[PDB]
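See structure below.
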Amino acid sequence: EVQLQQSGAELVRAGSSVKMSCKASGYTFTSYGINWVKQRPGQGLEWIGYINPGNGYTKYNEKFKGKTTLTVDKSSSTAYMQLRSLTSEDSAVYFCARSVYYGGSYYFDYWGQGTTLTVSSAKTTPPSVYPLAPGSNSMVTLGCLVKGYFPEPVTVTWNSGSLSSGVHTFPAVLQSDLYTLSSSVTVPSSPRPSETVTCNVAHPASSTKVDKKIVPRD
Amino acid sequence: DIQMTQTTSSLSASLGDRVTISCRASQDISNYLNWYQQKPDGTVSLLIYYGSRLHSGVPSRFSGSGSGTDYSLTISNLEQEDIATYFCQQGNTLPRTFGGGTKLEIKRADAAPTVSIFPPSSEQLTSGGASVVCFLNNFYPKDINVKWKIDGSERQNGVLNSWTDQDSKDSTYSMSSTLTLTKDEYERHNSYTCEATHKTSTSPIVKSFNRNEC
Amino acid sequence: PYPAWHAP
């Protein structure tokens, strides 16, 4: 098959730059073009520019020009995209794709998994796990606020797994340059505070495995 | 240049139906249109190319058409596997442009959200911060407006929301909303409210607590 | 006015 393995996630400080890879396999690297598409998780896809491996030619999207640079190396079938003077606006996942000719034009027939680029000054920091107990009825919801960590991901489970049904762990959101997420579990009134309910949040990046117990009150 | 408007952001349907996703160019593209299907997992793959007719080794039940500015991907005999986001792309002029994309979801019967509000934790307050959290769980349709009130009036700074994708067992959505304040601002007020407007009732679903009754 | 590869 045709394959495109892109680089690993990237973490960088605004003002700085980065260089991602796109290694091609299973086809003649120089017989096809590589395009770059950005997907900020806002609203769609943007065409950055592109390049002809054999040709060395490059064509940019006016917007991404000036801060973007596409290159290639052919003694190892790899293409590179370099972003400069990064900003919050450059946080997105970037894809590379192959271009095939047909009719009088192109289209992308194969893509890479994509490369996540988070522009930030944070450093690995463990989250604070706050227990969410109700406030002063046959089913009761309890929460757990995982606040102030970096970088993703975070693993949350309740009672180490034994509490599986009725659990909603939400996508993390960036606030303060740090991620924050929440999780909720719904157990009958007979289990809590009668028994113990604990959220277990793991954060591989900082080698942290926190177990927070949800106790009555505040 | 030519920009594509996929004019429906989220499209709703049942397994088995005939789904039609549209896309309009702000100018004639002489049939230089392509369709991609991105999955929740993040990966993108091609479907149909050129004028919308041409196949790239895929299920026959994927078909394309259109002719000037108006095109469409039609998934007859829809399937689970097919639940994903579809983007159209024009290859007539530079720069290349895609549409906003259209995301399919499974059709389910309406369900009001269950709502829960939670005061700041002791643990957190001792750190000088204060976050009030509100979950709105297992609701459908997925459109919803959460509104916070402090001491009776709206508040909008600090509010950060998160939404889960449609669930796999049931086809409901869940949402979390969090109001973050400093410890002092929080202790300067009494009542906190989480109001959920959803077209399940014309009346909001209200949850709140007072720091005094705490 | 300037080069491309399917268009302007």
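Order determines the names: the first chain of the structure tokens is A, the second B, and so forth; residues in each chain are numbered 1 upward, and ligands are numbered 1 upward as they are shown.
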Rows by chain and residue number, chain C within 10 Å of chain A, shortest pair, only C-alpha atoms, as CSV:
```
residue,atom,partner,partner_atom,distance
C:3,CA,A:59,CA,8.2
C:4,CA,A:59,CA,6.7
C:5,CA,A:105,CA,7.5
C:6,CA,A:105,CA,5.0
C:7,CA,A:105,CA,8.2
```
**Study point:** chain B residues near chain C (6 Å cut-off, only C-alpha atoms) as an MDAnalysis selection string
**Key:** chainID B and resid 92:94
**Study point:** Polymer residues at most 10 Å from residue 37 (chain B), only C-alpha atoms, same-chain spacing of 3 or more positions, as a PyMOL selection string
**Key:** chain B and resi 40+43-48+82-88+101-103
Practice item. Determine which residues of chain A sit within 9 Å of chain B, taking into account only C-alpha atoms, and present them as a VMD selection string. Key: chain A and resid 43 to 49 60 to 62 95 102 to 114 128 to 136 141 to 143 145 168 to 175 181 to 184 217 to 218
Exercise for review: Go ahead and compute the interatomic distance for CA of residue 141 (chain B) and CA of residue 161 (chain A), in Å to one decimal.
Suggested key: 29.2 Å
